[PDB]
file my_file.pdb (PDB, C-alpha atoms)
MODEL        1
ATOM      1  CA  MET A   1       0.000   0.000   0.000
ATOM      2  CA  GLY A   2       1.540   3.260  -1.211
ATOM      3  CA  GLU A   3       1.311   6.676   0.401
ATOM      4  CA  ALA A   4       0.852  10.326  -0.593
ATOM      5  CA  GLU A   5       0.095  12.915   2.095
ATOM      6  CA  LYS A   6      -0.288  15.780  -0.408
ATOM      7  CA  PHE A   7      -2.253  16.015  -3.652
ATOM      8  CA  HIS A   8      -0.565  18.265  -6.223
ATOM      9  CA  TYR A   9      -2.934  19.545  -8.910
ATOM     10  CA  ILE A  10      -3.045  22.161 -11.661
ATOM     11  CA  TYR A  11      -6.001  23.782 -13.399
ATOM     12  CA  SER A  12      -6.360  22.660 -16.997
ATOM     13  CA  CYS A  13      -6.381  26.357 -17.921
ATOM     14  CA  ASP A  14      -2.874  26.685 -16.389
ATOM     15  CA  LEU A  15      -1.139  23.893 -18.370
ATOM     16  CA  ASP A  16      -0.086  25.607 -21.607
ATOM     17  CA  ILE A  17       1.154  22.420 -23.336
ATOM     18  CA  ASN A  18      -0.425  20.185 -25.929
ATOM     19  CA  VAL A  19      -2.277  17.134 -24.672
ATOM     20  CA  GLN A  20      -0.419  14.000 -25.747
ATOM     21  CA  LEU A  21      -1.839  10.468 -25.655
ATOM     22  CA  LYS A  22       0.314   7.471 -26.539
ATOM     23  CA  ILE A  23      -1.510   4.804 -28.490
ATOM     24  CA  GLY A  24       0.192   1.678 -27.175
ATOM     25  CA  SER A  25      -0.764  -1.796 -28.294
ATOM     26  CA  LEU A  26      -4.026  -3.393 -29.356
ATOM     27  CA  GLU A  27      -4.398  -6.798 -27.721
ATOM     28  CA  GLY A  28      -7.050  -9.161 -28.955
ATOM     29  CA  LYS A  29      -8.235 -11.010 -32.038
ATOM     30  CA  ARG A  30      -9.909  -9.500 -35.092
ATOM     31  CA  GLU A  31     -12.332 -12.004 -36.587
ATOM     32  CA  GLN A  32     -12.081 -13.076 -40.217
ATOM     33  CA  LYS A  33     -15.159 -13.142 -42.436
ATOM     34  CA  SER A  34     -16.592 -16.200 -44.147
ATOM     35  CA  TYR A  35     -15.806 -17.178 -47.725
ATOM     36  CA  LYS A  36     -19.346 -16.147 -48.650
ATOM     37  CA  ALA A  37     -18.329 -12.674 -47.482
ATOM     38  CA  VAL A  38     -15.342 -12.854 -49.830
ATOM     39  CA  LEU A  39     -17.711 -13.944 -52.609
ATOM     40  CA  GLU A  40     -20.048 -11.012 -51.935
ATOM     41  CA  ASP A  41     -17.201  -8.461 -52.159
ATOM     42  CA  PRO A  42     -14.036  -9.822 -53.810
ATOM     43  CA  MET A  43     -12.068  -6.795 -52.627
ATOM     44  CA  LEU A  44     -12.230  -8.363 -49.168
ATOM     45  CA  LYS A  45      -9.503 -10.814 -50.208
ATOM     46  CA  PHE A  46      -7.089  -7.896 -50.655
ATOM     47  CA  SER A  47      -8.164  -6.314 -47.358
ATOM     48  CA  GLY A  48      -5.937  -6.345 -44.305
ATOM     49  CA  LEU A  49      -8.159  -9.063 -42.861
ATOM     50  CA  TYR A  50      -6.420 -11.483 -45.246
ATOM     51  CA  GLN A  51      -2.847 -10.588 -44.241
ATOM     52  CA  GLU A  52      -1.693 -13.386 -41.945
ATOM     53  CA  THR A  53       0.417 -11.174 -39.707
ATOM     54  CA  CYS A  54      -0.830  -8.313 -37.589
ATOM     55  CA  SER A  55      -1.675  -5.723 -40.220
ATOM     56  CA  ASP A  56       0.042  -2.347 -39.863
ATOM     57  CA  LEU A  57      -2.843  -0.573 -38.224
ATOM     58  CA  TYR A  58      -2.867   3.021 -37.062
ATOM     59  CA  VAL A  59      -5.203   4.926 -34.794
ATOM     60  CA  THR A  60      -6.463   8.396 -35.633
ATOM     61  CA  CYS A  61      -7.198  10.326 -32.449
ATOM     62  CA  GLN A  62      -9.463  13.374 -32.624
ATOM     63  CA  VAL A  63     -10.805  15.216 -29.623
ATOM     64  CA  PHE A  64     -14.527  15.888 -29.599
ATOM     65  CA  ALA A  65     -16.473  18.093 -27.219
ATOM     66  CA  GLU A  66     -20.257  18.303 -27.237
ATOM     67  CA  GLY A  67     -20.124  16.234 -30.418
ATOM     68  CA  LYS A  68     -18.046  18.733 -32.380
ATOM     69  CA  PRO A  69     -14.434  17.892 -33.265
ATOM     70  CA  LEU A  70     -12.036  20.228 -31.527
ATOM     71  CA  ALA A  71      -9.171  19.552 -33.972
ATOM     72  CA  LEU A  72      -8.079  17.439 -36.923
ATOM     73  CA  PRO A  73      -7.417  13.740 -36.289
ATOM     74  CA  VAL A  74      -3.794  12.792 -35.578
ATOM     75  CA  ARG A  75      -2.572   9.442 -36.926
ATOM     76  CA  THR A  76       0.191   7.149 -35.726
ATOM     77  CA  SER A  77       3.093   6.834 -38.132
ATOM     78  CA  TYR A  78       3.160   3.687 -40.207
ATOM     79  CA  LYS A  79       4.807   0.836 -38.285
ATOM     80  CA  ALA A  80       5.197  -2.756 -39.426
ATOM     81  CA  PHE A  81       3.719  -5.246 -36.957
ATOM     82  CA  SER A  82       4.948  -8.847 -36.759
ATOM     83  CA  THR A  83       3.285 -10.842 -33.970
ATOM     84  CA  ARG A  84       1.612  -8.095 -31.921
ATOM     85  CA  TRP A  85       0.019  -4.725 -32.642
ATOM     86  CA  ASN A  86       2.314  -2.548 -30.502
ATOM     87  CA  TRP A  87       2.577   1.102 -31.580
ATOM     88  CA  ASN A  88       4.351   2.445 -28.472
ATOM     89  CA  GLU A  89       3.997   5.887 -30.080
ATOM     90  CA  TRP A  90       3.369   9.141 -28.212
ATOM     91  CA  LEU A  91       0.830  11.105 -30.257
ATOM     92  CA  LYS A  92       0.837  14.910 -29.995
ATOM     93  CA  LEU A  93      -2.816  15.882 -29.984
ATOM     94  CA  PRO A  94      -3.917  19.118 -31.668
ATOM     95  CA  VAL A  95      -5.635  20.271 -28.459
ATOM     96  CA  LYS A  96      -4.034  22.267 -25.680
ATOM     97  CA  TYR A  97      -4.726  21.796 -22.003
ATOM     98  CA  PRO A  98      -6.484  25.187 -21.664
ATOM     99  CA  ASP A  99      -8.670  24.584 -24.750
ATOM    100  CA  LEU A 100     -10.321  21.329 -23.607
ATOM    101  CA  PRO A 101     -13.906  21.653 -22.321
ATOM    102  CA  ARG A 102     -15.071  19.742 -19.259
ATOM    103  CA  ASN A 103     -17.003  17.269 -21.436
ATOM    104  CA  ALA A 104     -14.040  16.627 -23.770
ATOM    105  CA  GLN A 105     -13.527  13.070 -25.035
ATOM    106  CA  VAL A 106     -10.805  11.427 -27.150
ATOM    107  CA  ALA A 107     -12.053   9.198 -29.973
ATOM    108  CA  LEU A 108      -9.479   6.664 -31.222
ATOM    109  CA  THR A 109     -10.370   4.660 -34.329
ATOM    110  CA  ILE A 110      -8.153   1.817 -35.548
ATOM    111  CA  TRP A 111      -8.061   1.536 -39.334
ATOM    112  CA  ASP A 112      -6.844  -1.205 -41.663
ATOM    113  CA  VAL A 113      -6.318  -1.309 -45.410
ATOM    114  CA  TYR A 114      -9.396  -2.155 -47.480
ATOM    115  CA  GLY A 115      -8.150  -2.369 -51.056
ATOM    116  CA  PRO A 116      -6.449   0.397 -53.018
ATOM    117  CA  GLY A 117      -6.695   3.765 -51.280
ATOM    118  CA  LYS A 118      -9.689   2.834 -49.094
ATOM    119  CA  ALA A 119      -9.397   2.537 -45.313
ATOM    120  CA  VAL A 120     -12.055   0.714 -43.291
ATOM    121  CA  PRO A 121     -12.316   0.928 -39.498
ATOM    122  CA  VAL A 122     -11.239  -2.073 -37.483
ATOM    123  CA  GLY A 123     -12.877  -0.672 -34.363
ATOM    124  CA  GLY A 124     -13.276   2.406 -32.237
ATOM    125  CA  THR A 125     -13.155   3.537 -28.643
ATOM    126  CA  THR A 126     -13.943   6.828 -26.903
ATOM    127  CA  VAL A 127     -12.698   7.806 -23.449
TER     128      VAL A 127
ATOM    129  CA  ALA B 446     -23.994  32.636 -43.906
ATOM    130  CA  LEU B 447     -27.725  33.109 -43.225
ATOM    131  CA  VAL B 448     -27.783  36.713 -44.475
ATOM    132  CA  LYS B 449     -29.619  36.557 -47.808
ATOM    133  CA  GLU B 450     -30.314  40.304 -48.107
ATOM    134  CA  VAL B 451     -27.950  43.138 -47.163
ATOM    135  CA  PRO B 452     -29.562  46.265 -45.667
ATOM    136  CA  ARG B 453     -28.794  49.598 -47.304
ATOM    137  CA  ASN B 454     -26.943  50.696 -44.152
ATOM    138  CA  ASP B 455     -24.661  47.628 -44.306
ATOM    139  CA  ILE B 456     -23.624  47.588 -47.978
ATOM    140  CA  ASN B 457     -20.027  48.253 -46.902
ATOM    141  CA  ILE B 458     -20.381  46.188 -43.710
ATOM    142  CA  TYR B 459     -18.112  43.459 -45.085
ATOM    143  CA  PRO B 460     -14.944  45.408 -45.970
ATOM    144  CA  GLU B 461     -15.173  47.776 -42.994
ATOM    145  CA  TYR B 462     -16.876  45.746 -40.249
ATOM    146  CA  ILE B 463     -16.998  42.020 -40.927
ATOM    147  CA  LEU B 464     -13.587  41.439 -42.502
ATOM    148  CA  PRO B 465     -11.780  44.124 -40.457
ATOM    149  CA  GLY B 466     -13.602  42.957 -37.328
ATOM    150  CA  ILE B 467     -12.344  39.369 -37.365
ATOM    151  CA  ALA B 468      -8.967  40.139 -38.964
ATOM    152  CA  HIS B 469      -7.421  40.296 -35.512
ATOM    153  CA  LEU B 470      -8.467  36.688 -34.856
ATOM    154  CA  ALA B 471      -6.166  35.310 -37.585
ATOM    155  CA  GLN B 472      -3.184  36.239 -35.376
ATOM    156  CA  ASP B 473      -4.560  35.458 -31.912
ATOM    157  CA  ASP B 474      -2.108  34.211 -29.293
ATOM    158  CA  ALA B 475      -4.338  31.236 -28.421
ATOM    159  CA  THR B 476      -3.880  28.295 -30.765
ATOM    160  CA  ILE B 477      -7.560  27.455 -30.390
ATOM    161  CA  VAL B 478      -8.366  30.925 -31.755
ATOM    162  CA  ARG B 479      -6.013  30.597 -34.714
ATOM    163  CA  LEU B 480      -7.467  27.138 -35.281
ATOM    164  CA  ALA B 481     -10.981  28.572 -35.258
ATOM    165  CA  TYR B 482      -9.655  31.252 -37.600
ATOM    166  CA  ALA B 483      -8.053  28.784 -39.997
ATOM    167  CA  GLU B 484     -11.148  26.586 -39.828
ATOM    168  CA  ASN B 485     -13.414  29.526 -40.688
ATOM    169  CA  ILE B 486     -11.259  31.995 -42.671
ATOM    170  CA  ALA B 487     -12.302  30.125 -45.799
ATOM    171  CA  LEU B 488     -15.973  30.338 -44.800
ATOM    172  CA  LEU B 489     -15.823  34.021 -43.815
ATOM    173  CA  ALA B 490     -14.296  34.953 -47.174
ATOM    174  CA  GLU B 491     -16.839  32.881 -49.077
ATOM    175  CA  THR B 492     -19.672  34.509 -47.122
ATOM    176  CA  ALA B 493     -18.386  38.024 -47.838
ATOM    177  CA  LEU B 494     -18.084  37.094 -51.515
ATOM    178  CA  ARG B 495     -21.711  35.977 -51.548
ATOM    179  CA  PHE B 496     -22.651  39.377 -50.090
ATOM    180  CA  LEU B 497     -20.698  41.271 -52.753
ATOM    181  CA  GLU B 498     -22.401  39.268 -55.501
ATOM    182  CA  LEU B 499     -25.829  40.108 -54.068
ATOM    183  CA  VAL B 500     -25.001  43.815 -53.766
ATOM    184  CA  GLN B 501     -23.826  43.824 -57.384
ATOM    185  CA  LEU B 502     -26.973  42.059 -58.595
ATOM    186  CA  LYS B 503     -29.162  44.441 -56.580
ATOM    187  CA  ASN B 504     -27.282  47.450 -57.949
ATOM    188  CA  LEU B 505     -27.703  46.131 -61.504
ATOM    189  CA  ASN B 506     -31.436  45.647 -60.931
ATOM    190  CA  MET B 507     -31.772  49.051 -59.248
ATOM    191  CA  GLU B 508     -29.989  50.685 -62.184
ATOM    192  CA  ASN B 509     -32.440  48.955 -64.540
ATOM    193  CA  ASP B 510     -35.443  49.985 -62.413
TER     194      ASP B 510
ENDMDL
END
call {"tool": "encode", "arguments": {"input": "my_file.pdb", "output": "structure tokens"}}
result
Amino acid sequence: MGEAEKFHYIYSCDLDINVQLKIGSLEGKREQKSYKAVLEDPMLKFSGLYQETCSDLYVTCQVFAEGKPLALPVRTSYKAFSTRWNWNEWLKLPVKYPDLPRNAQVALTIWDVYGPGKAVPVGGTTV
Amino acid sequence: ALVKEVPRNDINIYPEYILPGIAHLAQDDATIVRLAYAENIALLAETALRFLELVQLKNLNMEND
């Protein structure tokens, strides 16, 4: 059991630095579609779902407040994944500490390749 | 963007009040302000341009009245 007799805090309006969130690793299995699904849309074969290794996914993080995006989405640099999706990348968000409203949320969407030039979401989370 | 008719007293509202009134925002110290400026500078200009086109059409019609 740790200890801390004093709580040190700062008002979000007083921290004049950008808010950074590091998208770490995505742990878990992404389910493959049936062959009938590949028959319905042949482009599915060329999708990242059909790469045997962990596809090189990236997460675009955009801050929303009251449903309106505060800034443009920031994307993780391309990284080649072998056995695990581990980005370990500190993302510099386009939102400053004083500019975040109380109801501010970060939406992170993981995207994979879906044929030539088309990205399809693998899945999303909002915190 | 909702202004569809320009009152006679505001024909020069854009060059002297709208555009000069927000011009200081394009250089604001707060990045959120400059961001709001960059996000809207394109819209503000397009809105002023719509106003100028309406004033010109109205002037052409008033000259033909």
call {"tool": "resolve_selection", "arguments": {"input": "my_file.pdb", "expression": "the PyMOL selection byres ((chain A and resi 62) around 8)", "output": "NGL selection string"}}
result
:A and (60-61 or 63-64 or 69-74 or 93 or 106-108)
call {"tool": "resolve_selection", "arguments": {"input": "my_file.pdb", "expression": "the PyMOL selection byres ((chain A) within 8 of (chain B))", "output": "PyMOL selection string"}}
result
chain A and resi 71+95-96+99
call {"tool": "residues_near_point", "arguments": {"input": "my_file.pdb", "point": "(-8.5, 35.6, -39.7)", "cutoff": "9 Å", "atoms": "all atoms listed in the file", "output": "number ranges by chain"}}
result
B: 464, 467-473, 479, 481-483, 485-486, 489
call {"tool": "closest_residue", "arguments": {"input": "my_file.pdb", "among": "B:463, B:458, B:446, B:507", "to": "residue 495 of chain B", "atoms": "all atoms listed in the file"}}
result
B:446
call {"tool": "resolve_selection", "arguments": {"input": "my_file.pdb", "expression": "the PyMOL selection byres ((chain A and resi 65) around 6)", "output": "list in words"}}
result
residues 64, 66, 67, 68, 103 and 104 of chain A
call {"tool": "closest_residue", "arguments": {"input": "my_file.pdb", "among": "A:20, A:14, A:123, A:5", "to": "residue 90 of chain A", "atoms": "all atoms listed in the file"}}
result
A:20
call {"tool": "residues_near_point", "arguments": {"input": "my_file.pdb", "point": "(-12.7, -7.1, -37.1)", "cutoff": "8 Å", "atoms": "all atoms listed in the file", "output": "ChimeraX atom specification"}}
result
/A:29-32,49,122-123
call {"tool": "atom_distance", "arguments": {"input": "my_file.pdb", "atom1": "atom CA of residue 510 of chain B", "atom2": "atom CA of residue 493 of chain B"}}
result
25.4 Å
call {"tool": "residues_around", "arguments": {"input": "my_file.pdb", "residues": "residue 84 of chain A", "least_positions_apart": "3", "cutoff": "9 Å", "atoms": "only C-alpha atoms", "output": "list in words"}}
result
residues 25, 26, 27, 53, 54 and 81 of chain A
call {"tool": "write_last_selection", "arguments": {"input": "my_file.pdb", "atoms": "C-alpha atoms", "output": "CSV table (one decimal), in the frame of the given file"}}
result
chain,number,residue,atom,x,y,z
A,25,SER,CA,-0.8,-1.8,-28.3
A,26,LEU,CA,-4.0,-3.4,-29.4
A,27,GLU,CA,-4.4,-6.8,-27.7
A,53,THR,CA,0.4,-11.2,-39.7
A,54,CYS,CA,-0.8,-8.3,-37.6
A,81,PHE,CA,3.7,-5.2,-37.0
call {"tool": "closest_residue", "arguments": {"input": "my_file.pdb", "among": "A:124, A:55, A:3, A:94", "to": "residue 78 of chain A", "atoms": "all atoms listed in the file"}}
result
A:55
call {"tool": "atom_distance", "arguments": {"input": "my_file.pdb", "atom1": "atom CA of residue 500 of chain B", "atom2": "atom CA of residue 448 of chain B"}}
result
12.0 Å
call {"tool": "closest_residue", "arguments": {"input": "my_file.pdb", "among": "A:121, A:115, A:16, A:127", "to": "residue 42 of chain A", "atoms": "only C-alpha atoms"}}
result
A:115
call {"tool": "atom_distance", "arguments": {"input": "my_file.pdb", "atom1": "atom CA of residue 454 of chain B", "atom2": "atom CA of residue 490 of chain B"}}
result
20.4 Å
call {"tool": "closest_residue", "arguments": {"input": "my_file.pdb", "among": "A:101, A:33, A:91, A:118", "to": "residue 13 of chain A", "atoms": "all atoms listed in the file"}}
result
A:101
call {"tool": "build_atoms", "arguments": {"input": "my_file.pdb", "residues": "segment 455-476 of chain B", "atoms": "N, CA, C and O atoms", "output": "PDB file, keeping the file's coordinate frame"}}
result
ATOM      1  N   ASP B 455     -25.758  48.572 -44.473  1.00  0.00           N
ATOM      2  CA  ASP B 455     -24.661  47.628 -44.306  1.00  0.00           C
ATOM      3  C   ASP B 455     -24.049  47.188 -45.629  1.00  0.00           C
ATOM      4  O   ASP B 455     -23.480  46.096 -45.704  1.00  0.00           O
ATOM      5  N   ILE B 456     -24.195  47.982 -46.692  1.00  0.00           N
ATOM      6  CA  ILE B 456     -23.624  47.588 -47.978  1.00  0.00           C
ATOM      7  C   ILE B 456     -22.112  47.445 -47.863  1.00  0.00           C
ATOM      8  O   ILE B 456     -21.513  46.552 -48.473  1.00  0.00           O
ATOM      9  N   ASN B 457     -21.469  48.321 -47.089  1.00  0.00           N
ATOM     10  CA  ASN B 457     -20.027  48.253 -46.902  1.00  0.00           C
ATOM     11  C   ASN B 457     -19.673  47.635 -45.556  1.00  0.00           C
ATOM     12  O   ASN B 457     -18.584  47.880 -45.026  1.00  0.00           O
ATOM     13  N   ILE B 458     -20.592  46.845 -44.997  1.00  0.00           N
ATOM     14  CA  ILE B 458     -20.381  46.188 -43.710  1.00  0.00           C
ATOM     15  C   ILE B 458     -19.254  45.176 -43.797  1.00  0.00           C
ATOM     16  O   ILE B 458     -18.477  45.008 -42.854  1.00  0.00           O
ATOM     17  N   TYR B 459     -19.150  44.479 -44.936  1.00  0.00           N
ATOM     18  CA  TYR B 459     -18.112  43.459 -45.085  1.00  0.00           C
ATOM     19  C   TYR B 459     -16.701  44.023 -45.086  1.00  0.00           C
ATOM     20  O   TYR B 459     -15.894  43.626 -44.229  1.00  0.00           O
ATOM     21  N   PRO B 460     -16.334  44.942 -45.977  1.00  0.00           N
ATOM     22  CA  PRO B 460     -14.944  45.408 -45.970  1.00  0.00           C
ATOM     23  C   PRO B 460     -14.571  46.212 -44.744  1.00  0.00           C
ATOM     24  O   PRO B 460     -13.408  46.168 -44.330  1.00  0.00           O
ATOM     25  N   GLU B 461     -15.513  46.911 -44.116  1.00  0.00           N
ATOM     26  CA  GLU B 461     -15.173  47.776 -42.994  1.00  0.00           C
ATOM     27  C   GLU B 461     -15.557  47.232 -41.625  1.00  0.00           C
ATOM     28  O   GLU B 461     -15.027  47.720 -40.618  1.00  0.00           O
ATOM     29  N   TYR B 462     -16.447  46.245 -41.549  1.00  0.00           N
ATOM     30  CA  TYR B 462     -16.876  45.746 -40.249  1.00  0.00           C
ATOM     31  C   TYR B 462     -16.685  44.240 -40.116  1.00  0.00           C
ATOM     32  O   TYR B 462     -16.122  43.777 -39.121  1.00  0.00           O
ATOM     33  N   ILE B 463     -17.122  43.459 -41.095  1.00  0.00           N
ATOM     34  CA  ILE B 463     -16.998  42.020 -40.927  1.00  0.00           C
ATOM     35  C   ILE B 463     -15.525  41.675 -41.062  1.00  0.00           C
ATOM     36  O   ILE B 463     -14.877  41.317 -40.075  1.00  0.00           O
ATOM     37  N   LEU B 464     -14.974  41.831 -42.269  1.00  0.00           N
ATOM     38  CA  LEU B 464     -13.587  41.439 -42.502  1.00  0.00           C
ATOM     39  C   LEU B 464     -12.625  42.147 -41.565  1.00  0.00           C
ATOM     40  O   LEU B 464     -11.823  41.469 -40.907  1.00  0.00           O
ATOM     41  N   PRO B 465     -12.672  43.468 -41.418  1.00  0.00           N
ATOM     42  CA  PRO B 465     -11.780  44.124 -40.457  1.00  0.00           C
ATOM     43  C   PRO B 465     -12.059  43.762 -39.018  1.00  0.00           C
ATOM     44  O   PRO B 465     -11.166  43.918 -38.178  1.00  0.00           O
ATOM     45  N   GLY B 466     -13.276  43.318 -38.697  1.00  0.00           N
ATOM     46  CA  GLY B 466     -13.602  42.957 -37.328  1.00  0.00           C
ATOM     47  C   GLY B 466     -13.065  41.629 -36.850  1.00  0.00           C
ATOM     48  O   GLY B 466     -12.750  41.483 -35.666  1.00  0.00           O
ATOM     49  N   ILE B 467     -12.896  40.661 -37.753  1.00  0.00           N
ATOM     50  CA  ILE B 467     -12.344  39.369 -37.365  1.00  0.00           C
ATOM     51  C   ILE B 467     -10.881  39.245 -37.744  1.00  0.00           C
ATOM     52  O   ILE B 467     -10.240  38.248 -37.375  1.00  0.00           O
ATOM     53  N   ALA B 468     -10.351  40.194 -38.517  1.00  0.00           N
ATOM     54  CA  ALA B 468      -8.967  40.139 -38.964  1.00  0.00           C
ATOM     55  C   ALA B 468      -8.006  39.945 -37.805  1.00  0.00           C
ATOM     56  O   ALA B 468      -6.949  39.335 -37.973  1.00  0.00           O
ATOM     57  N   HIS B 469      -8.349  40.445 -36.619  1.00  0.00           N
ATOM     58  CA  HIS B 469      -7.421  40.296 -35.512  1.00  0.00           C
ATOM     59  C   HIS B 469      -7.375  38.872 -35.002  1.00  0.00           C
ATOM     60  O   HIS B 469      -6.430  38.516 -34.295  1.00  0.00           O
ATOM     61  N   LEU B 470      -8.410  38.081 -35.291  1.00  0.00           N
ATOM     62  CA  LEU B 470      -8.467  36.688 -34.856  1.00  0.00           C
ATOM     63  C   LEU B 470      -7.454  35.800 -35.571  1.00  0.00           C
ATOM     64  O   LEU B 470      -6.926  34.864 -34.966  1.00  0.00           O
ATOM     65  N   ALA B 471      -7.130  36.105 -36.829  1.00  0.00           N
ATOM     66  CA  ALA B 471      -6.166  35.310 -37.585  1.00  0.00           C
ATOM     67  C   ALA B 471      -4.777  35.285 -36.966  1.00  0.00           C
ATOM     68  O   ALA B 471      -3.969  34.427 -37.329  1.00  0.00           O
ATOM     69  N   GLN B 472      -4.471  36.202 -36.057  1.00  0.00           N
ATOM     70  CA  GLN B 472      -3.184  36.239 -35.376  1.00  0.00           C
ATOM     71  C   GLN B 472      -3.303  36.094 -33.866  1.00  0.00           C
ATOM     72  O   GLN B 472      -2.377  36.473 -33.148  1.00  0.00           O
ATOM     73  N   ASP B 473      -4.399  35.541 -33.359  1.00  0.00           N
ATOM     74  CA  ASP B 473      -4.560  35.458 -31.912  1.00  0.00           C
ATOM     75  C   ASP B 473      -3.494  34.574 -31.277  1.00  0.00           C
ATOM     76  O   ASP B 473      -3.034  33.592 -31.858  1.00  0.00           O
ATOM     77  N   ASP B 474      -3.102  34.955 -30.060  1.00  0.00           N
ATOM     78  CA  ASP B 474      -2.108  34.211 -29.293  1.00  0.00           C
ATOM     79  C   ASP B 474      -2.532  32.783 -28.985  1.00  0.00           C
ATOM     80  O   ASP B 474      -1.691  31.877 -28.965  1.00  0.00           O
ATOM     81  N   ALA B 475      -3.821  32.553 -28.781  1.00  0.00           N
ATOM     82  CA  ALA B 475      -4.338  31.236 -28.421  1.00  0.00           C
ATOM     83  C   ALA B 475      -4.478  30.351 -29.650  1.00  0.00           C
ATOM     84  O   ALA B 475      -5.151  30.718 -30.619  1.00  0.00           O
ATOM     85  N   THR B 476      -3.849  29.175 -29.607  1.00  0.00           N
ATOM     86  CA  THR B 476      -3.880  28.295 -30.765  1.00  0.00           C
ATOM     87  C   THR B 476      -5.303  27.906 -31.106  1.00  0.00           C
ATOM     88  O   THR B 476      -5.613  27.677 -32.277  1.00  0.00           O
TER      89      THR B 476
END
